[PDB]
Amino acid sequence: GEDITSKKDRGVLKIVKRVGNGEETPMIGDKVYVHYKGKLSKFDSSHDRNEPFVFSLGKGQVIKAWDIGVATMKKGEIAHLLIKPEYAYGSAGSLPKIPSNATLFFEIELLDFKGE
Ligand SMILES: COc1cc2cc(c1OC)OC[C@@H](CO)OC/C=C/[C@@H](C)[C@@H](C)OC(=O)[C@@H]1CCCCN1C(=O)[C@H]2C1CCCCC1
């Protein structure tokens, strides 16, 4: 897995499973639109809801890792992310869904990204 953290502490690791298109990667503030299958090393899936997940990148509206990783994706890319708790829900955790010092995995597909 590739370390994409700025401290280089291996807190978020990434493998590209399906390569995306174009050459623009999404800027801070972009409305970004994804599918995801995700879990702790309890599985949660957008395909469960029947509906894409959407947020504004870099506004800390998701855990610190997602803003980092989804920033390194490109349209159509599917990626695998592995996340130490300091870039996820910490030593506080986020009970009941997440315990203390929980490591997390997602499969993410970046569907599209537009402009904010
Ligand atoms: C801590 O509680 C949850 C965690 C997670 C999902 C979740 C949680 O309960 C609300 O509900 C499902 C989604 C779908 O609409 O709700 C919106 C998410 C809001 C954001 C702010 C937080 C909660 O999520 C995230 O930052 C990340 C990344 C985006 C996708 C969801 N993700 C999670 O951490 C998941 C968590 C749930 C169990 C398996 C591991 C991932």
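Along the sequence shown, residues are numbered consecutively beginning with 1. The figures that follow rest on heavy atoms only: side chains count, while hydrogens, waters and symmetry mates do not.
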Indicate yes or no: at least one non-hydrogen side-chain atom of [X] is less than 4.5 angstrom from one of [Y].
X    : Y   : answer
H35  : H47 : yes
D67  : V62 : yes
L111 : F53 : no
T103 : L82 : yes
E77  : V19 : no
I98  : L40 : yes
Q61  : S56 : yes
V34  : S46 : no

Next on the checklist: Under a 3.5 Å distance rule, please check whether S91 uses its side chain to pair with a backbone N or O of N101 as donor and acceptor.
Outcome noted: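 Answer holds: no.
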Item to check | Spacing of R18 atom CZ and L110 atom CG [to the nearest 0.5 Å] | outcome: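 Answer rounded to 0.5 Å: 10.5 Å.
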Checklist entry - Rounded to the nearest 0.5 Å, what separation is found between the NZ atom of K84 and the OG atom of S41? => result 12.5 Å
Next on the checklist: With no hydrogens and no angle check, just 3.5 Å: does a side-chain donor-acceptor pair link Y36 and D44?
Outcome noted: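 Short answer, yes.
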Checklist entry - Who pairs with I4 by side chain to side chain contact (heavy atoms under 4.5 Å, CB included), at least two apart in sequence or on another chain? => result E2, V12, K14, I68, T72, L81
Checklist entry - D3: what forms a side chain to side chain contact (heavy atoms under 4.5 Å, CB included) with it, not counting sequence neighbours? => result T5, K8, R10, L13
Checklist entry - Step by step, would you call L104 with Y89 a side chain to side chain contact (heavy atoms under 4.5 Å, CB included)? => result CA-CA 9 Å; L104 296 168; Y89 295 97; 3.9 Å; yes
Next on the checklist: Just checking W66 against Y87, ring centres under 6.0 Å apart?
Outcome noted: no
Item to check | Shortest non-hydrogen separation from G1 to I15 and the atoms involved | outcome: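 Taking every non-hydrogen atom into account, CA-CG1, 4.0 Å.
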Item to check | Residue pair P26 / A71: nearest heavy atoms and the distance that separates them | outcome: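 Here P26 and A71 meet closest at CD-O, 3.6 Å.
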Checklist entry - Using 30° and 60° as the class limits, which term best fits the ring planes of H80 and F105: parallel, tilted or perpendicular? => result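 The arrangement is perpendicular - the two ring planes meet at more than 60°.
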